[PDB]
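Next come structure tokens for two forms of one protein chain, structure 1 first, structure 2 second.
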Structure 1
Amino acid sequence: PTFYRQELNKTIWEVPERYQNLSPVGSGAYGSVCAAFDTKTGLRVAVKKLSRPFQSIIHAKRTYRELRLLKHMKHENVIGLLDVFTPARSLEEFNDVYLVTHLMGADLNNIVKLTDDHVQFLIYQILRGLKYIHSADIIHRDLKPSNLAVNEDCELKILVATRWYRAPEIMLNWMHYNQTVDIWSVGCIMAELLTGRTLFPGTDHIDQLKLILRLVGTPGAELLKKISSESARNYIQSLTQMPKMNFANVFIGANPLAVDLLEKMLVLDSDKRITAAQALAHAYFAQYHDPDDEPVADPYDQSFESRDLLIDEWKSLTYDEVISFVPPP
């Protein structure tokens, strides 16, 4: 189809005729997004242009990783792809990638204190998206208010210091963390929507861990005997020991079912944290939970993550992924 060129805040854009009325939303290191009208579907869409997708092996692999993940994500509460395109006619020319999805209004950071029913529906949608993501053996690792797209209907999709929502095993740089790092982030988000304050606004990674242990208590011997690192065990055992606080006391006034769920998500031992699938069955989501509409994902191959390839190999794989793309109906 026919492409049209255009400059927007220094960034150049080459998009098909079907996308009209471009309009910068925001930009940064990874790339610029534009809002647009999709003439073919009647939809407002976001169009993300990647910054220099094949600058290096790192960039080429990151580009491939993002396109593969977005092509796989097919769920009401995870961002997926309406379209992917390049203005290039062959592999030799290919140097730009554009990604298209349903325009969302605002982030969960912008919507902020919410009422208990709003908190139930937003955390329900996150957990339903995370059940799907985790079922593919994907770990988000970066769940925070800014990575949650919400529209005026309170419909939520998974896409402010990052450390504030990070599980304590990532503060001390554990290399074998599991998917419940994401449940820790959900617990921190749910706290912040109930209270109107960051649960653990650490000034750095050391302060961040001290605020966490202040609420959840320093580890018992059951957790300490799973810490392989001698420096980390020495450090954690050398802190002044604080007990697990009563969550009923800290979240005074909240739904006791919200409090119970928070206790199940912010357990220090990652092996004892509630899973996304378990959390959806919790009494706090009785108004919203439906076990025949909480779907899992098709299996997801990320063996490419263990491969060391040339820039042009990552580039051609990415090109291959643009060409095989089938739009949703």
Structure 2
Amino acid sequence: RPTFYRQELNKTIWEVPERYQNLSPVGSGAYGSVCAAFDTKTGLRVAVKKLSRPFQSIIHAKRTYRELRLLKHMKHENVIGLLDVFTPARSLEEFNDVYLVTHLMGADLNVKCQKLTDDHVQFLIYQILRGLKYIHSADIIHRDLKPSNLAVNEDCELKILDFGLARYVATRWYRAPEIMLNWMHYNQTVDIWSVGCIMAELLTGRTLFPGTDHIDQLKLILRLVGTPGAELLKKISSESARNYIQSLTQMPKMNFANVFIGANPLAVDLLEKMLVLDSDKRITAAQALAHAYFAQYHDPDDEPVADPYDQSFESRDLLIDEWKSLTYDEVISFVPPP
């Protein structure tokens, strides 16, 4: 067992191995606070997250297990990877805290100075889609993809954070309209809608759909893509969602070439394919990687998929101590990457 040391950060005690030095709070992460740290074993700058009350509720205990299982499985260059997982607990009976360690990277994609050049956008979006192809192949979706959960280093290398966890006092600028309207006729291309929103913002320097509330958000989306057509309306099972759509003014679809003036025509074409209201017609991550916009980056021989991922726990209703014991087993069996 390594030697641990205690300190107070964010009005709570952090107890970590001596290996992690100079803990500095860098704000909140998903379900916990994150500290930047120096890993003395590897010489790498890392992000250490202390999960908040991981086993103090059934929802928390199951999400703790969900997150650790996800992190232990996902092994891809454009997907955040688990460098370490630890607990100061010496036994299952004392197991109450979970800490997770990943690369820090340095910044996220989220005040703005300027637009990004076309090659910079190609590289960033390519990396996002390459990471999404991998995540989606494990039957995992982000569901809350946005600039703040895209971690980038000084060389513009990118890793997706906080996927597989999500399922009106906040802006939902990158959310697919089908998740917002609870249709709930949706698939993995909800993340492709978010990619489209991000790409558009990187190219123009402006938020594509900066809705002031849930109502205004949909209004801005429909102003660009047009109101749902007859083919799409037929596929909506929800009476509540269908009623909402009809109550809105009929908007024509805008030609994106007139919205993204001066942009690479191939970027405009890809945006048209990503920002389709009908999720059955929206481009997939794998299809988007093959689009001519990424000709300089695309390599079909190096866009890997995930190994089969056992997610059967998702259907289970277990007690807090059962989720805790399963999580503990995962912590003790963890093998760090080379």
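Residues are numbered by position in structure 1's sequence, first residue being 1. Throughout, rigid core stands for the largest set of C-alpha atoms superposing within 1.5 Å between the two forms.
With the core held fixed between structure 1 and structure 2, residue 275 has its Cα displaced by under 2 Å.
The rigid-core alignment places the CA of residue 291 less than 2 Å apart between structure 1 and structure 2. Core superposition gives residue 175 a CA displacement of 2.8 Å between structure 1 and structure 2. Overlaying the rigid core between structure 1 and structure 2 leaves the Cα of residue 264 displaced by 0.5 angstrom.
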